[PDB]
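A lone chain, given as structure tokens: the form solved without its partner chain.
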């Protein structure tokens, strides 16, 4: 039963990650025309993350505003800059609400 429960737990997390990836894919496709819908998809992905206790894929972790949850598109509603005085890092500013997010470049 230990192995069975472990397999089910692992598969459930994989499913959660699969769903999150799909929701962000849809968010990106509808974001430019329907930003409110993209925000909804981002939030559904965040709900799954919370319920399954999983991490958002690397390819999507920086693509939404942690404050307002809008899907971020450089030039449209996001400013992306790099700072290197100390640790090189990416500075992403949500232009819709002004929230600033930083990520390691390396």
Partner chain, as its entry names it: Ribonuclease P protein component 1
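C-alpha atoms forming the largest set that superposes within 1.5 Å between two forms make up the rigid core. Numbering follows the first chain given and starts at 1.
In this entry, 55-63 shows the higher mean Cα temperature factor of the pair 55-63 and 23-31. Comparing 43-51 with 64-72, the higher mean C-alpha B-factor in the PDB entry belongs to 43-51. Among the modelled residues of its chain, residue 96 has a C-alpha B-factor that falls in the lowest third, as given in the PDB entry.
The form solved in complex with its partner chain is left out here; the points below concern that form.
The partner is absent here; in the deposited complex, the one residue of 66, 29, 81, 55 having a heavy atom within 4.5 Å of its partner chain is 29.
Not one of 77, 96 and 102 comes within 4.5 Å of its partner chain in the deposited complex, counting any heavy atom. Within this chain, residue 39 is remote from the site of its partner chain in the deposited complex, having no heavy atom within 4.5 Å. Contact annotation: residue 89 falls outside 4.5 Å of its partner chain in the deposited complex, judged by heavy atom distances. Within 4.5 Å of some heavy atom of its partner chain in the deposited complex lies at least one heavy atom of residue 12. The closest non-hydrogen atom of residue 48 lies within 4.5 Å of its partner chain in the deposited complex.
Relative to the superposed rigid core, the position of the CA of residue 97 differs between this form and the one not shown by less than 2 Å.
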